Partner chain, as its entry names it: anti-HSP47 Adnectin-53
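Next comes just one chain, in structure tokens: the form deposited without the partner chain.
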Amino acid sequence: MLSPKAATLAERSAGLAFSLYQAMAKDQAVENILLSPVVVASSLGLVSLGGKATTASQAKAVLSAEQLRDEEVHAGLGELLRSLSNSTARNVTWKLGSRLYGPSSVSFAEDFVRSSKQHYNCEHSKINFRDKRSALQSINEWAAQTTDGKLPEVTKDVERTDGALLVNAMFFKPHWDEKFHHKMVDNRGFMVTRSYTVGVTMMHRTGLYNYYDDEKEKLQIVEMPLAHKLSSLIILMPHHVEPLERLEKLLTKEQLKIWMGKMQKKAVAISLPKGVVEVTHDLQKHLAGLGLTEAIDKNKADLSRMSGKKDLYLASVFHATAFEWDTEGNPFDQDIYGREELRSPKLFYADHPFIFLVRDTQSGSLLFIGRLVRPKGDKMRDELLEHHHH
């Protein structure tokens, strides 16, 4: 349960993540997406904490928290960050770290260091970008240790090497309410496009799931509850191997509510790719498009509560995540129903791009939003199709 202030911040974090997802989906250089609305919101909260006047008020505007005190925002966001660990077993299936990297010359304000550690658990470090290999090495080693190797490299290059770099490294592993059998795993092909396919490992399972097959919009939507039904993972996949652009037009808070109402518990034979999906996003360019124009500009930025010096701007906001799909979950009472209960299951075979969301069941807040377009795997030879499976 959330306080009414944190509950309204949660709705805006979800609406903000929907906007960031759509902005990134337009970009053709973007393949996989992985956003945690609460971690995106906390980044804006850190701008409101270290910023001043327009720089700080724009962060509250982007987060629609202008009609709330600064202390209410930092406490409400600190509350939502702690609620993430509740539905996910903290420090084992869910890991998060936040670090502000300032230039070697810049010294952080002792009051800012205390309040950012208090509300956002933010770490602070100085970094010399003259030696570009040792600056990237420090960032990647920190993100690797934060996620215990699951995210070994945040970025290969830092573009703006003259300001504050905010890095968020995460590891999330959905723990199913009903586990997959560890041996219901095999090698299948994932059609990235109609002409491109990568070799992937897949995990398979048949059970009762809330499901809807939308024949007019040609797509399936299934809800997979996570540990103790405290949150659930929703997957939207088109019927055909197509670019998700079309589904992303329909992906609105209103259509999702409609789709979820049309769902009903049916026997479903789910098959998903198994493995770690690593995604790094620099949200700086997209945050300006949402209203944060002062902080990202070297001349307009006022991060005086952060250091006590202009010429210090939000150079980058890295949102790096390692999202693992695995068989592990809670054990399920085998033979609770039987083979006649799961008789003609609906097929939900995720061998082509799909959109997914992690939703808190109690509050309805969005934990994650993303899409799996290109999983890790080598391109398969087209000539293998000349050799039929008979």
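Numbering follows the first chain given and starts at 1.
Keep in mind that the form solved in complex with the partner chain is not shown, yet the notes after this line are about it.
Quiz item: For the chain seen here without its partner, which of 335 to 343, 26 to 34, 318 to 326, 48 to 56 has a heavy atom within 4.5 Å of the partner chain in the deposited bound form?
Solution: After filtering at 4.5 Å, what remains is 335 to 343.
Quiz item: Is there any non-hydrogen atom of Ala269 lying within 4.5 Å of the partner chain in the deposited bound form?
Solution: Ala269: contacts the partner chain in the deposited bound form.
Practice problem: Give a yes/no on whether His181 approaches the partner chain to within 4.5 Å in the deposited bound form, heavy atoms considered. | Solution: Yes, contact at 4.5 Å.
Quiz item: Do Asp186 and the partner chain share at least one heavy atom pair within 4.5 Å in the deposited bound form?
Solution: Yes, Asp186 lies within 4.5 Å of the partner chain in the deposited bound form.
Exercise. Consider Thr161 of the chain shown here, and say whether it contacts the partner chain in the deposited bound form, taking contact as heavy atoms within 4.5 Å.
Key: Output for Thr161 is no: heavy atoms all beyond 4.5 Å of the partner chain.
Quiz item: Which pick from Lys150, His286, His175, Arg205 sits with a heavy atom within 4.5 Å of the partner chain in the deposited bound form?
Solution: Contact check passes for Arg205.
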